[PDB]
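Reviewing the structure listed below.
Note that we place each Cβ from the backbone using ideal geometry, even for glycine, and neighbour counts take in every protein chain shown. Please treat every number below as a calculation from the coordinates, not as lab data.
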Amino acid sequence: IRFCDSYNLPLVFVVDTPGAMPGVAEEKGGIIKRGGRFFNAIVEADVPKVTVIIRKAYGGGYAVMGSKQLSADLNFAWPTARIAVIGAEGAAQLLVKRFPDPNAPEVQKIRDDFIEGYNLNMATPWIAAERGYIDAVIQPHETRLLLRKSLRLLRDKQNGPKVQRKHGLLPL
Amino acid sequence: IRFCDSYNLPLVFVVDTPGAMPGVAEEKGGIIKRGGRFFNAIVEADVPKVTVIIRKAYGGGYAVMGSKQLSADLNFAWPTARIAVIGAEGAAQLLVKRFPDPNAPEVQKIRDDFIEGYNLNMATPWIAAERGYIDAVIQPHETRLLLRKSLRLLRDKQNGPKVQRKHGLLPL
Amino acid sequence: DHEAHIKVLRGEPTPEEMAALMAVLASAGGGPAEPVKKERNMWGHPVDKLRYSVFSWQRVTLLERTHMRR
């Protein structure tokens, strides 16, 4: 991203991610600062930013992969998009952390019903679309020509207001 | 360094290092890119840079710890300073690995005489002083007041010529 | 109490000699302490008269900093 911004290439983000990979090895490997640098770079970049979500956009994956909140310019989603803080299985798991009796049939029924409801009502394109966090939900075949129209509009983007200074600092 | 540069704090480098840590774990941990970022930051910064060498300045340790070649403004060394590509022991190993074996104290003597010659003639302040890589070799008691004089002189440093642009690129 | 006082390091004046001394020193005081009435007026500041290359870094570190520093 920093290279592309330096040479004025527009950025296209194509999203299908659960977010950051969990685990002790990634935490010790530096995932917090490395994600911080990914966030820093995406907000720093002045070039046009267009996003297409294909399926999953959970948590920090949603945020970092060119969300509108992090200054992406145009945001589209396919009807298979799923925008949420956490996936259905992670939400079900904490649901079941309370009254934990995971061997019982009834708690597996409760998980299945929760996951079904969550994938119908929560982990979808539609809440983000109705709040305007994304600009449109599109038929997948529209994507190529819609990218052309969007980047034609954005070709002369001026990013501001920004206070000129020696440099931006980044997690390092 | 990048923080100090953003807030216009002068930098003082107090050097006593053999340079980069050798080893497979350091290589895998990214010592090349992290040293690269250290080199980048020190050349990027616009603030005054003053260096005092106490003993060792070998290789990349010399180069990175505010050498003149990396745009440090004033370079001083105590008479204990040792500026070289490599320490005496490393150069001695590089020498004696050419003999078939340490088959007799002959090789020990060869090492010890090499190390003596190298610590007397090579790993010293005096070659870098002759060539003007360092601006002075000073008595240690001078250091505090000499830093005052130097940073008074450098107070209004303007770093140039430099071409304004969106940003520089770090090795990341 | 952490003000730096006048010290008579040597000698022991009488009260009248101390009074004469302090009156003279106060008359010799530097006048008003500092020019607190000094006001910012950046009109025609020398840094605005310089030619800068359109890509000059001194636009950031000299021109802009001089205008913005307060």
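Name, by its number, the condition in (1) within 14 Å of chain C (Cβ to nearest Cβ); (2) over 30 Å from B:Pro10 (Cβ atoms) that does not hold for B:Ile115.
Evaluating B:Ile115 over (1) within 14 Å of chain C (Cβ to nearest Cβ); (2) over 30 Å from B:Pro10 (Cβ atoms) leaves (1) as the failure.
Tally up the residues in the stretch B:45-71 that are within 14 Å of chain C (Cβ to nearest Cβ) and of a type in the set (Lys, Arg), please.
Of the residues in the stretch B:45-71, 0 are within 14 Å of chain C (Cβ to nearest Cβ) and of a type in the set (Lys, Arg).
Just to verify a result, which residue in the stretch B:149-159, among those that are more than 23 Å from the chain's Cα centre (by Cα) and within 12 Å of chain C (Cβ to nearest Cβ), is nearest to A:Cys4 (Cα to Cα)?
B:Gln158
If B:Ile134 meets every condition in (1) without any contact (Cβ under 8 Å) to a residue 60 or more places away in the chain; (2) away from chain C (no Cβ under 13 Å); (3) among the β-branched types (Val, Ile, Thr) apart from one, which number is that one?
All conditions pass for B:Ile134, except number (1).
(1) within 29 Å of B:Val163 (Cα to Cα); (2) touching a residue at least 40 places away in the same chain (Cβ under 8 Å); (3) out of contact with any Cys (no Cβ under 7 Å at 6 or more places or on another chain): which one isn't true of B:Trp78, the others all being true?
It is condition (1) that B:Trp78 fails.
Does any residue of the stretch A:27-41 turn out to be surrounded by 14 or more Cβ atoms within 10 Å (Cβ to Cβ), in contact with a helix residue (DSSP H, G or I) (Cβ under 7 Å, 6 or more places away or on another chain) and touching a residue at least 60 places away in the same chain (Cβ under 8 Å)?
yes
Check the stretch C:43-65 and report whether any residue there is in a loop (DSSP other than H, G, I, E, B), under 25 Å from the mean Cα position of the chain (by Cα) and within 30 Å of B:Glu44 (Cα to Cα).
Yes: one or more hits.
Residue by residue through the stretch A:1-45, note down the ones that are of a type in the set (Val, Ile, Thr) and part of a helix (DSSP H, G or I).
Within the stretch A:1-45, A:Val24, A:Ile31, A:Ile32, A:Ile42, A:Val43 qualify.
Has the stretch C:37-47 got at least one residue that is within 12 Å of chain B (Cβ to nearest Cβ) and surrounded by 12 or more Cβ atoms within 10 Å (Cβ to Cβ)?
Scanning the stretch C:37-47 turns up at least one residue that is within 12 Å of chain B (Cβ to nearest Cβ) and surrounded by 12 or more Cβ atoms within 10 Å (Cβ to Cβ).
Which residue is surrounded by the most Cβ atoms within 10 Å (Cβ to Cβ), if the candidates are limited to the stretch A:154-172 and must be out of contact with any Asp or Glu (no Cβ under 9 Å at 6 or more places or on another chain) and in a helix (DSSP H, G or I)?
Looking at the filtered set, the residue picked out is A:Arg155.
Could you run through the stretch A:86-128 and say how many residues are outside any loop (DSSP other than H, G, I, E, B), more than 25 Å from the chain's Cα centre (by Cα) and not basic (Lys, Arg)?
Going through the stretch A:86-128 one residue at a time, the tally reaches 7.
For the stretch C:14-27, does any single residue satisfy the condition of being more than 13 Å from every other protein chain (Cβ to nearest Cβ), of a type in the set (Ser, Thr, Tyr), part of a helix (DSSP H, G or I) and over 28 Å from B:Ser6 (Cβ atoms)?
So far as the stretch C:14-27 goes, yes, one or more of its residues are more than 13 Å from every other protein chain (Cβ to nearest Cβ), of a type in the set (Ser, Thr, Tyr), part of a helix (DSSP H, G or I) and over 28 Å from B:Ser6 (Cβ atoms).
Given the condition among the hydroxyl-bearing types (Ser, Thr, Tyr), buried (at least 18 other Cβ atoms within 10 Å of the Cβ) and part of a loop (DSSP other than H, G, I, E, B), answer yes or no: does some residue in the stretch A:61-70 qualify?
Taking every residue of the stretch A:61-70 in turn, at least one turns out to be among the hydroxyl-bearing types (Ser, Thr, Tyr), buried (at least 18 other Cβ atoms within 10 Å of the Cβ) and part of a loop (DSSP other than H, G, I, E, B).
Please state which one of B:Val96, B:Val85, B:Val107 is surrounded by fewer than 17 Cβ atoms within 10 Å (Cβ to Cβ) and in contact with a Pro (Cβ under 9 Å, 6 or more places away or on another chain).
B:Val96
Tally up the residues in the stretch A:137-157 that are under 26 Å from C:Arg59 (Cβ atoms) and either among the aromatic types (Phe, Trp, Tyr) or touching a residue at least 12 places away in the same chain (Cβ under 8 Å) (or both), please.
1
Exactly one condition in (1) of a type in the set (S, T, N, Q); (2) part of a loop (DSSP other than H, G, I, E, B); (3) surrounded by 11 or more Cβ atoms within 10 Å (Cβ to Cβ) is false for B:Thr143; which is it?
Unmet condition: (2).
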